[PDB]
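Heads up: the structure comes next, in structure tokens.
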Amino acid sequence: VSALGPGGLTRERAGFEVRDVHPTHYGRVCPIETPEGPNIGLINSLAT
DNA sequence: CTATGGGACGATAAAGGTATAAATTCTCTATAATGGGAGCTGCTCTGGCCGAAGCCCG
């Protein structure tokens with residue numbers, strides 16, 4: 001599950017709100033599986 | 001008796017003619033047609049720039 005693409009946040013609009021995990025991510029989006037680098041937290045993976 | 005300038009020579013390349021096919025641009029067609037559309041929206045700050053609105057003020 002990515003956040004980039006059409007109608008999505010660009011890496012220059014990162015900030016912190018999208019790139020942080022929230023209690024609402026529990027069991028929906030994996031908290032620890034994200035690519036390290038320019039796009040961190042923007043690209044995540046669904047939970048099991 | 002010999003080397004060198006002088007002049008004769010001539011085979012051909014350029015110059016002009018001179019048409020000639022290619023080729024490459026130019027001009028037309030007449031029912032009616034009479035304001036476009038993708039444009040992002042989730043930076044962040046700093047910095048400068050005009051322009052308006054209070055703020056002294058004599």
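Values in this text are rule-based calculations from the coordinates and carry no lab data. Methodologically, a virtual Cβ is constructed for each residue, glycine included, from the backbone with ideal geometry; neighbour enumeration extends over all protein chains shown.
Restricting to the range A:25-48, give me the number of residues that are in contact (Cβ under 8 Å) with a residue 24 or more places away in the chain and of a type in the set (D, E, K, R).
0
Quick one: in chain A, which of the residues that are part of a strand (DSSP E or B) and away from DNA strand B (no atom under 13 Å from the Cβ) is surrounded by the fewest Cβ atoms within 10 Å (Cβ to Cβ)?
Let us first name the residues in chain A that are part of a strand (DSSP E or B), namely A:2, A:29, A:43, A:46.
When the remaining residues are screened for being away from DNA strand B (no atom under 13 Å from the Cβ), the result is A:43, A:46.
Working: A:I43: 14, A:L46: 10.
By that ranking, first place goes to A:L46.
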